[PDB]
Each structure stands twice: as structure tokens, then as C-alpha cells.
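In what follows, a single structure is set out as C-alpha cells and then discussed.
Residue numbering begins at 1 within each chain, and the chains themselves are lettered A, B, C, D, E and F in the order written.
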Amino acid sequence: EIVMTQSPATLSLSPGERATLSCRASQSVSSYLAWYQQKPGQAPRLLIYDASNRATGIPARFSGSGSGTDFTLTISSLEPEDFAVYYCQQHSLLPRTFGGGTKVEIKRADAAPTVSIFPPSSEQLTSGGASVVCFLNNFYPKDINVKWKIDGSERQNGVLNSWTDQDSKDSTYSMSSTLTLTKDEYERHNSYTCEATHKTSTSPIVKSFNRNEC
Amino acid sequence: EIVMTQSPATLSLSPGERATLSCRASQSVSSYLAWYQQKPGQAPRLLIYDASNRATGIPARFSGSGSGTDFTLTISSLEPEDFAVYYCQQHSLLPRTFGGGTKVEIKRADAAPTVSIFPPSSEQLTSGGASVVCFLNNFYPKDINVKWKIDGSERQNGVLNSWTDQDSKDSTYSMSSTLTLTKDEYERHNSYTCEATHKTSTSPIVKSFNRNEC
Amino acid sequence: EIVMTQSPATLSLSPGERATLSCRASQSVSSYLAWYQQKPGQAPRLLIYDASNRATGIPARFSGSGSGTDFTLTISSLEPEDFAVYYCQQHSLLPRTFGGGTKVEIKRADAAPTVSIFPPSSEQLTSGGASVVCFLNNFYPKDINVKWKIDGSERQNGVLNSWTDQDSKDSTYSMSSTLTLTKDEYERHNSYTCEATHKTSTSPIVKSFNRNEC
Amino acid sequence: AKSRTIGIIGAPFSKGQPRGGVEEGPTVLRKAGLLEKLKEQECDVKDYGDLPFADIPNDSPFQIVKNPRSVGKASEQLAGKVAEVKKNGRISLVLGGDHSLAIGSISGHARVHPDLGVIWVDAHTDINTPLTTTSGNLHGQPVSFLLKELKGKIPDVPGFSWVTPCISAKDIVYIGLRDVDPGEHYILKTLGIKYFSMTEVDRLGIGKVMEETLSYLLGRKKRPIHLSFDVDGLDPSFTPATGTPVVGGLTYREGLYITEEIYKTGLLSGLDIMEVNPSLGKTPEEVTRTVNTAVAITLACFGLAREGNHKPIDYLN
Amino acid sequence: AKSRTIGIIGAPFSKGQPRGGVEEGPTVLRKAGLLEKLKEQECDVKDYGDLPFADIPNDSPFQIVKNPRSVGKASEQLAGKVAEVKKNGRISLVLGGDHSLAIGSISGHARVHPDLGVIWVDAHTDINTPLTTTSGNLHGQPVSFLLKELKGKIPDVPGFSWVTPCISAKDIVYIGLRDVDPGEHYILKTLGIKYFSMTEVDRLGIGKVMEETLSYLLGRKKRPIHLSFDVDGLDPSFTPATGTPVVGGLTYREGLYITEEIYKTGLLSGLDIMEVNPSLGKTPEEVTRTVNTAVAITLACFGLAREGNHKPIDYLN
Amino acid sequence: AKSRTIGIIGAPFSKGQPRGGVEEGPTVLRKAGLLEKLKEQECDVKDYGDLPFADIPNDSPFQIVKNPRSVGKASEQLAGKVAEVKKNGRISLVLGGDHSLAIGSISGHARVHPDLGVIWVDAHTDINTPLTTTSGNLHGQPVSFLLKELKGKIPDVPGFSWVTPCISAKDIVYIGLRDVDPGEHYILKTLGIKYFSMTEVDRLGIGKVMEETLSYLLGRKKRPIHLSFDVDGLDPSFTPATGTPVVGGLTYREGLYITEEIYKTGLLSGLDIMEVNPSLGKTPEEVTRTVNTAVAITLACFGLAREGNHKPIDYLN
């Protein structure tokens, strides 16, 4: 049992220069560990087999080093098809731990989210439910805290969030704030606020609507 | 591990003709399974040892067949002493599962329950409790849903039911609806309803009483 | 697995005569068990190794007997440095259970607790908490039940107690009644009672204070 | 070559022994890759498939012998298939199953070679008759239908009308006996069958036992050897997933030595691997040890010596 | 018969060895049915019951020897009972317990047969004296009270005033030595006792070892054999539930071979089964393997050969 | 004495074999107290410490042979240290590690004694060349750099420019072969190396095997014996925590007998304990059995007979 730690937890580097990564071992794995290229929704493709030597079908640019505690993975010719989570794997000690994840993002000028909210349908009120979802579209980077409030008094334990992968063209992100309430708790209150907070937003953007307003 | 399934979950056949049962295996047990006669409160008496051959003290009528996936148990001369739960047991694969249960009931013209309710005693109010039990006596078949209500608003998580075995003479069933409330929740409300529902009852029979009515 | 039972659960004997203890086995350990002297906050020092024979550095007075089910430990010359919890250990059967604990206290004329209460600080009200602790100091013996009340209606699940070891000089005990409430539940009520009960107290001593009284 | 020219015959049959589960005999021995582990060394392996064993519904037992007709029909079908694969000049590797199949597996072998010798490696003698049995299981009675000297002490068991006794009492050798009935030991001492029980194996050692065995069968005249190998004859620390395990058995070393000395005669002409029961291992690791043991026994029957084997070309090139 | 005429003597005694729990020695060996497993073959089994061993309260130890008086009184009571069951012409099956009982179990046997020979199957020599011991446990000193040549190197241990040294140094054979003290090995090489340690057992094999053992004891004159069998002398893979297990022991095959060759002399006249400790198995399966091993050793002492046994009537009827 | 004058050389090296974890070879064998268990009997134990093995960063492999420069530098450093401890007149106890170190551990031994004989106790022959390998691991190729007859069939592997072939084909004995490559078996039959595979060990018994081994090496002329002992050559029931275990191995009894017969020649002059891997035991109990087995093998190499040992003074005082 050896914990394998990766020092860049996330990474955002524009298509261009080197993007050297890190994988630190808790013991001396001693030039016996590997590297991977798990794209989202794919099988983890092998990059490097034992700390170097560029395993069998890698294009030109994924050399690494090691021997034997803190290893590197150099992406010298970044090539924007390579935007995937990278994993380091020790192998010559059991059990066989992996790294943590090295999500190489895309690096652009920080985009503001389009903070937009929607009431539940009247069809859902005929079912007995109330799902209030605030959609935040086209933002960069990821980090947004969204606060729901009962007419100004904050909401917990009903909020669900769905983050996207980074988009291919504008390199932004999208997010729902899925808040589900009952039919009774819907009809008790009116002003349903979506307090969004992004780094581009100097003030916390609060998007709201009253019940039966539209 | 082989799940043994019995196709008649329950059975109700009057003293008379054949009552052929079913035991389906999930593999090929191949003429290596058994049959049993667990009377209520008794030890499971052996009927058939390996798919036939009438094991050593069976009267005249409990032949079966098989070989090797879906087996039968014929009760050709029904004989109303035989009203007991029957179990099939595979043996030549481990672990040794049994069947599910084949509760051969008595088959009569469907009886109406005498839906009767009783308040808790005043002795119980001097203890701090309130047990409201609605007794349903002499019904056939078993299936009755009983609904308790807080003066018309339904009750949950305090209702206990005690079903009898089928009676020897009239072949009916009996059932308590044991509802236990506190002393405080007793004194809050008056009309304590027993909404009973039997197949003989075209309308749901509601038996009720007010608090301190009798 | 043999449960080893000690018949004096507690013990209080003044510096003086014999203080013979008990260790009953559930089988025949047959002269193969031991004795210990765990002082509070110390390592359990060995008294007797196999039912007798005074193991290697014991002063003059810790002889015992046995062979083979219910054993004794004689403290003939009591010597008030010996006020510690004593443990008997069976050894020649696995697993190796110990006794229960034989807390030899100090035996004086029973002291009354100084039942004293304190409000939470106003500093704690600026934090959002309310810790109401009733200190009971210099009592003997240990047994005191302390009741907290919401202006006369009893309190549960917030009461913590911290008992001391018996003091060296006056041979008494001390106890906090650590009751922690919120800032809101503090401001709802005023009279915060400490219903203490000691054997010297013929009446249950209730120490109280109003909110913002002092 | 003359040896290691294998015709595999599966036989998933269980109605001789009570512990149901040896029907996955050929299935587990093939899914552990017995064919592929034979095909490295020069083995002309031809799989003849598992046999279709029908289910006779009115399988009325004998007095104590139970399921007689199913075992008789199964062994007749197996003896036909073994005679078929021995007319092709192969070595009849039969693998079941249970020892009840060995009636047909030796009778069909004796339809082609009437002068064979059986090395019956088993914990038990399996020489019970339908009159002297206590269990009545037909995995304990294959030998007593085969011996010529027991003609007359065998009742006409239904389904066994075809069985002609094919071997004599002085042409069979037991290796590994450690659980013998009183009736079995009385038959074994009356007929004078040369047996090497675990007393003699502990005394002489497996080298002297195999030397005396091959001198007893092949010393007078070179003749086909039919190793009928049981997996409870080995010690249950090595094969726990068998039907009737008896502790204190042949070690895995000694079993491999028996099969290697049978191979180095070059006169092996039929192999039986019976009583493998993968449904009785308390862990899957126990099943894995049992099946790897039986596969290693078969591979050492067909040429895999523990000292190593090389193809006859120069490797320093 | 002359042999297999057993008088069982239980002896639930533990105060020689430290690991308490061998008091369930006869209880577990009887509840595994040693009596009923003897009574199939022609064994006139007469249970003489467990002995009542008193608890001496002031059991003051010696210098290093601990609990001396309890062991001395227990062995005197056992020697009286063994002399009683050998005046009845039986075979004194004693089963404990621990090796500290073997003082009485050989002395009471020598009160009837003064010319016996002891086959001491043990992992250890148990030949420590009260002067050369390190543990001081009396399960490691039964032999040195019995040898005639060690008269004078034994202090007057309390409770052992009755012990007369009964056997000589050339009338005892060790089989299975693999954990010997320096004092024990010095005594064993000074007295010249014929010992078969695990080096000689690995060299010669258990056949040659038992042949040389029976030629050493019974070659000059036929005399009673007193097999004093320990269950740690077998390998701890077979008997893990013993007091002092030492790895690399006699296999279960070799132990059964020793007892079968002792039986086939027909001169067995006393059996000791010591150091069975059912409270030390890490699983109940370990206790089950230990007790089944010791029961199988006793049954193979009293006639159950692994090749099989039959009553002398015709079975083909 | 002349023997049991030990110079321990640790060698925590792993870059020959794939299963990383044998770097805790000397660490676990020393923390089990090999030094202290040697120091009871008269052993002038001098710990020469673990060797510092550098990490060559650009360790570019050969065609199939992988990590060549690290193994070559490690064996050169080890051969220097072994020549140092053999100029002090000791017995070069080397303990690793893996068999890739045995190149240096025999070469440095042959720098002092040019006429040594290697008893290579291993499950494998380890006689693969860089041309005939399939794994390419250098724990499978130490012998083929050492044999004088294989000069010319060995390419100039980088890091092995210093290796002079030091022993001949008729001066090495294999004991325990049960997993041999086709290339390995072809080399073993071409050179005519006297090997005792598990077929011959099951046939002759370990007494006859060790007698023929010592007669093959020491029968013509008394010469230093270099026991290079592997812990997968023993059966994996005794050492499961090794690199490449192969079932059906030498029992713990037979391994102790081999080492005792090597000691009783008095000509042991170097011991190698390789392939101990404490990170592969499925339980810590498996690691405990492996390390206690290897420690007992080393202690029986240096005088601890199973029959017992005593210092030459009177103990009855």
C-alpha cells in the first residue's frame, strides 16, 4: 500500500509549451511506474510504461522521467487533442495504487456565466413536485457557489449540480442547479433566488422569480 | 446456489380431486430433490425423497415426478388432513436451498368479516397508553386491507396485524388490527375508524367509535 | 473464553485491617491466575503471579489464595498508598480474560457537596453557545444524580459529567455537570436549576439562577 | 509420436455418486485449458466432445445399487466412443465424471486391446459388488464388473447386459489404497490382486512402488497400460474438491512421479480422470488447486516431465 | 485376540505443561468416538474412566521444576491404574493429558512387564533433568526419571519418592526428534540411546526407520512394546492443536506407518496419546484435524491397517 | 571453528526480477534475528552491512534482457565484497535479493577459490542466455554468465564486461528442478550438467540425492562448496512469499536435510539466500512462514542439526 500523489491536482494550459506533471510516491517505486490518458467516457490509454520509453504508438512528445520517488510527465508539444485526465500507476508493489487525477483543462480569458433560472412547470404541480433549476451557461473556470433561499433564507439538502466537461469551441463550462421541492413547500413562498458567484462576477449574481410571476 | 421456485404460491382446493404442485429449479438438479409437509407449529415431515418412490410411511396418494428441472407433486386423493405448507428441497448441489412455500388452504363460499372495533380500556389510560384494536372475525379469503384514520386522516407505523391459521370447521380466518397510540394522541381525537376491505364487501366497511362514547 | 467475575465491584476501607477481595472464574483455571495494581494513569503493576508467591518486589502484605475457581487477595496491612484498581487475570486458557475492577476507595464520614452553579459567559453568547455547568465539590461517596430543567421541565441529552479521583487529603470527590445549550435555547428561559442529590442531602439540593440575573 | 497422440472424450456423468456436481467435470477441465496446455508439446489433440447422456426417467434402483440403468447406458455409450477413438490409433483420454464410467472406459479399450493392464490409482479399491456394497453407489463398483474372476458373483444388474468382463485379477494394480471396505479387502485378498496401499507406498517409496508396478505389468510382455486415475487418491490438501476425499494420500510430487514413469514406458494407451467435483471446494481457490492438480497429472501423463522438455532442434541460434 | 484387547485409561492432567487446556484430553478424544471406532473391529474395549486427580493446594515448586507434587501424585495414581489394567491382561491405552503422566504410564507398565521397550515418538527428547532444564516444565522431564543410568543425577523431587527407574538406555527408541536441548542432546549422546531424529527419518525413510527400530528392540528377544506417542511429533499441519508444536515433523502417512508396523509385531502392550490440546486450535477445524489425526493413530495401533481389514468369514454370500 | 565462521553480506537488490519487493530481503531476514539466532552456537558472525546499490538512470535494456547495467554493477559490487570477506577466511553468507546477484556472489567467491562447486537449489535452472530467454529477467540468467562452456553463446551485455566464467559444467549440481524452459533443458542436456530434478528426488529420496550430490562434487577432491539456495525451490506451502513459486517442491524436512548434509562435509564456503519477497504474502502469516523457513535453512547450514547440538563441556554439573 503506497499512496501515489500528483502535485498538479488540476491544470489549465493553452495549446503551446510544456506542461510537465508530477507523481510523487510514498516509497521507492524505483523506475517501475506508468502513465495513462483516460479521456472522459473512454478506456485509459497507456502513455509511458516504465518511467520512459514511450509505449508503442505514442506520437512524438510524451517523454517522462523518474527513478525513483517523484516522477515527471512532459507534454512538450501540447497538441489540444490531449486534454484528458492523466493517471500515474505504480506497479512493482502490491496493491497497485494509481495516482489521483491530473485534469488538464483548456486555458481562455475568463467567461461570465449566463445566470438563468426557471420555475417548475404547472405540469409538475399537477404531479405534486417542484423542481427549480437555475442554469449557468458558458463560464470559465469551474468554481461557482450557488445559493438557494426560502425568500431570502438559505436552502440545503435539495440542491443538485451537474457540471459539464469543458466545451470544444469556447472552452467554457455549464451547470444546472437542480433544486427539488414539494408541492406544498412551493406554494408557501414566492421569491426563489439563485445566488451565483463566479470570479468574473465582482458581486454575487442573484437571479430570482416570484411564484406564478410568468 | 440454486433458487428453487414454486409456481403455486398459495393454493385453495376443496377436499376432492388432484392438486398438482410445481417446483422449478434454476439448473438441472436431475432427479435428486425432495418434498416436505411442514404443518404449522410442527417439524417438516418428509413426503418424497428423490422425485418419486413415496418415502416410508406415506399413505397412498403423494406420488410425484421430475427429471430434471420442473417437478410435480400430485395429491390425487386430497384428504383434508393434508392442509399444510409444502416445501421442495434440492439436495445434490450446495448450498442446499429449499422452495418457497405452497400453502394449501381450504376451498368455501367467501365469508364476510364481522368488522368489530374496541376502544382502549380506562385502565390503559391510567397507564399512559392507548391500544385501539379492530377485530375482524370469520372471513375468507385472507386478503383484507385495514385503514386507521385520525378522525379521517390516515394512520401509519402503529398498525399491527395478527392473522390466524385457517379454522378447522368453517374454514375462515380472523385478524386483529392492533393500533397502539399514546395517552396524549388518544385524547386529541374522537372518531377512530376501522376501514376494512374484503372481497365480499363491495364497499369498504368503516367501523368507528368516538372517544368516551361508550 | 472464561468470564472472570470479581465480587466486590467497589470497596472502601480505611487504612487498617484486612481487605480480602474476590475473583471467581467460570471454569477451573486451577491455580494459574494473577493479580494487578493499576493505579490511575499508570501501568498495571503485577501483584501475584500464580495465585500466591508474592511476585518479586511486593513489600510484605499481598498474599493470596485460590486453587481453583474462586480466588482471594488479602491486604492484611492496608497501607494507604495501595488505593488503586485491582485486576485478576486468568492465563491458562485462551483468550486470556481479565477481571472487572476492584476500585479500593478511601473510607471517611460522608461529606456534603458544595452545590454551586455558573451561567455561561457573555463571551460565549457572542459565540452562539451556552454551557451551563453546576460544580459539585468535596463530596463522599460518589453517587449523585443531577437533574437539569427547562424552568422546571427536565433536560436530557446535553448533560456531561466529569468525576474526579478520590482526593489525597480529605478523601472526597468533585464533579461538573456540563450542560451545553444553544444561544437560542438560552434566551428562551431564565431559571436554570441544578437538582443535586447526595446521601448527606435528605432533600434534593436545587441550585438555580435566572438568565441575566448576575 | 506413438504416445502423446490424444483423443479427448468428455463424459459429464454424475448418476453413480451422490454428490451432484461432477457433471462439471469436462467443463472445468477444458476451461482450465487442458487442450491448449497439451498443444505446446507435440500432441495431436482431437477433441471428440462431451457425450450426450440421456435421462432415463424410470430409473428404478436395485436392492442397494441405485441408478443402475443410467450408469449402464452411460458406460455403453462411452465404451462405443472409446472403441471409436482407439480404432483411430489414439490414446483414449477420457475425463469425467465419476468412476462409474470406467466400466465402459476399460471395456471399450479392451474391445481394441484385449491384453491391457489397468493402473487404478485411487484412494479406494472400487471393487464392491452389488451384493457386498453398503452405499450402493456405482462409483464404488466399477472394478467388479470388469474382472473375469468375479463372473458368477455379480447379479444381472439392469443396464449392464452388455458388460463382458475384460481384465484378469493379475493384470490390475492399485496404487494409493487407504480406505478399503471389509468386503473389498476380502475380495482383494481372495483374488490376489497386486495392490500398493499407502502402507507399501510409505514403506518402499514411490520410486520402488512404480518400479515394481511396471515390472508387474510390463515385465512379462509389453502391453497397453490404461491408467485410470482418481483425484481423491491424491491427498485432499492437493485436491480437496473431490467426491469422497480420504486424508493421508499421495502427495502431488508422488502423483506426478507415477504419471512420468507411466509415460517413460511409452505404453500408455488410455487415461481416465474421474471424480473431479468443482462444486465442493469451500473456496474457489480449492477448486483452482484441484483442477490445476488434475491438469498437471494429465500433462505429465502425456510427456511433460518436471525436468523439462525441448523440441529436437538447436536452440543456441 | 492377544492384541487389540484395550483397557482405556483417561487421564485429564495439565500441571506439567503451561498451556492450560489439555485437561480436555480424554474428553475430546472420547467425544470423537474412540471407543465406538474401536468397537467395529474385534476390540474388547473396557473403559476404566478418567482418573480423579486431586488439587494439592501448597504445591511449592522446586528450583526450576514447577508443580512437582501434583505431577508426582498424578503419576503414582496413574501407575496404580496401569498396573491394575495390566493385571487384567489388556493393553494399557492411556490417553491424556501431557507427557508428565508417562512417568507413571511406563512405571505401572513395568510393574507387570519389567522388560518392556519404549518407542517414544515425540518432537522432543523429554530427557531433561531437574538440574539441566530451562523451562522446568515436567512435560519435558518424564524420561530422566525412568532411565536406570540417570540414577544419581536426579535430585529427590517432592512427590517422586515412589519412582523407581525401570528402563535402560538401550531399551528406548526416539522417533521424530527435531527440537532437542543442548542438555538433552548431551544426555542423548552420553547414554548412547538409539534415536531416529528427522535427519535420519529423511535419510532412511520411515520404512527403514521402523525396520531398524523393531530390529533394535525386538531383534534380540520378543518383549512388550510401549508406544508413548506425542502429537507434536507429527507435523503441525496435521496436529496444530498441541502444546509445543515444532514445524517440519512426521507426516500423517508416516505416523500411520509407524503405528501399523508396531501392530504387525503383535507385541504392543501400552499406548500413550499425550499433549492433545483442543483449546489451542485457531479454528475448530484445526481441533478437528488434530483429534481425527490422534484417533486415526490409535486405531492404526489397534489393527486398522490402511490396506483394509475383514472379519474371517466369507463375504461373497 | 573452520566452518560456522560467518561474514554476512546483505544485498537488497531487485532489478533482475519484476516483482518489486525483494529489496526487503536482508531487512526482513535480519529483523527476524538471523544474527542473534546464529550467535548461540559458536558462530563468529561479522555483519558487513547491506550494500549501497546505485540507481543508474539511463538503464537502457537489451533486446529482451531488461535492466542490464544495474544488475551488472550490482554483481560487480557484490563480487568485490565477497572477495573481501573471503580474504578474511570467513564463509560468504550473501542474502538478497534475487538470483541475479549470484553472478557476483559466485564470481567473487571464485576470485579466492577457483575450484569451487555450486549446489544450486532452485525450482528453476536459471540457465537462460540473453539469446534463449523469453522473460528477459536476469533472475533467470545467472548461471549462463558463469559457465565456462557457454563462452561464445553470450553476447556482450552492457554492465557485464567484468564477468569471467568461473565454473565448469561438471562442477554444478541442481537440486529441485521442476520448472525448466525448453532452452534451459536443451542447455542442461547438451552440457551434461548433473541435475537432480523432482523426478529424481521423488525416485531416489533426499538421502540418496544428497549422497550422490556430495559424491559427485567432493568424491574426486575436497573443494569449497557454494550452496546457492533459492526459496522457491522449496514447496510454496512452506515459502509462499517468494517471487516465482512453483508447486510440488522440496519439503521443509528435505531442505533441512540438504543443508545438514552440506554442513557435515565441513566444506561449506558460501551461502546464498535469494528471492525472499515479504511483500507477496497474502497474509503476514505467509511472510512469517517464509522467513522462518529461510532462517531455519541458514541455521541448519551453519551447524544447527535437528538432532540437537551441545557445547563440549559436561552439562551434568
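As a working rule, a residue touches a chain if its C-beta (ideal position, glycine included) is under 8 Å from a C-beta of that chain, and two chains touch if they have at least 3 such contacts.
Listed by chain with UniProt protein names: D, E, F = Arginase-1.
Enquirer: Please give the intersection of the contact partners of chain B with those of chain E (Arginase-1).
Expert: Touching chain B as well as chain E (Arginase-1), we find D.
Enquirer: By CA centroid distance, what chain is farthest from chain A?
Expert: When every chain centre is compared against chain A, the largest gap points to E.
Enquirer: Taking the mean of the C-alpha atoms as each chain's centre, how many Å separate chain B from chain D (Arginase-1)?
Expert: 54
Enquirer: How many angstrom between the C-alpha centroids of chain D (Arginase-1) and chain C?
Expert: One centre to the other, that is 74 Å.
Enquirer: Roughly how many whole angstrom separate the Cα centroids of chain D (Arginase-1) and chain F (Arginase-1)?
Expert: From the centre of chain D (Arginase-1) to the centre of chain F (Arginase-1) is 41 Å.
Enquirer: Between chain A and chain C, what's the gap in Å when you average each chain's C-alpha atoms?
Expert: The mean C-alpha positions of chain A and chain C differ by 55 Å.
Enquirer: Please set out, as single numbers or ranges, the residues of chain F (Arginase-1) touching at least two other chains.
Expert: 205, 237
Enquirer: Pairwise, which chains touch?
Expert: Those chain pairs which touch are A-F, B-D, C-E, D-E, D-F, E-F.
Enquirer: Which of the residues in chain B come into contact with chain D (Arginase-1) in the complex?
Expert: Contact set of chain B toward chain D (Arginase-1): 28-32, 65, 67-68, 91-94.
Enquirer: Hey, which residues of chain F (Arginase-1) end up touching chain E (Arginase-1) in the complex?
Expert: Counting only chain F (Arginase-1), the residues touching chain E (Arginase-1) are 205-207, 237, 251-254, 256-257, 260, 292, 296, 305-311, 314-316.
Enquirer: For a test of understanding, state which residues of chain E (Arginase-1) touch chain F (Arginase-1) in their complex under the given definition.
Expert: Those in contact with chain F (Arginase-1) are residues 125, 129, 131-132, 153, 177-190, 195, 197-205, 237, 247-248.
Enquirer: Quick check on the complex: what are the chain F (Arginase-1) residues that touch chain A?
Expert: The contact residues of chain F (Arginase-1) facing chain A are 14-15, 18-21, 23, 55, 57, 59, 279-280.
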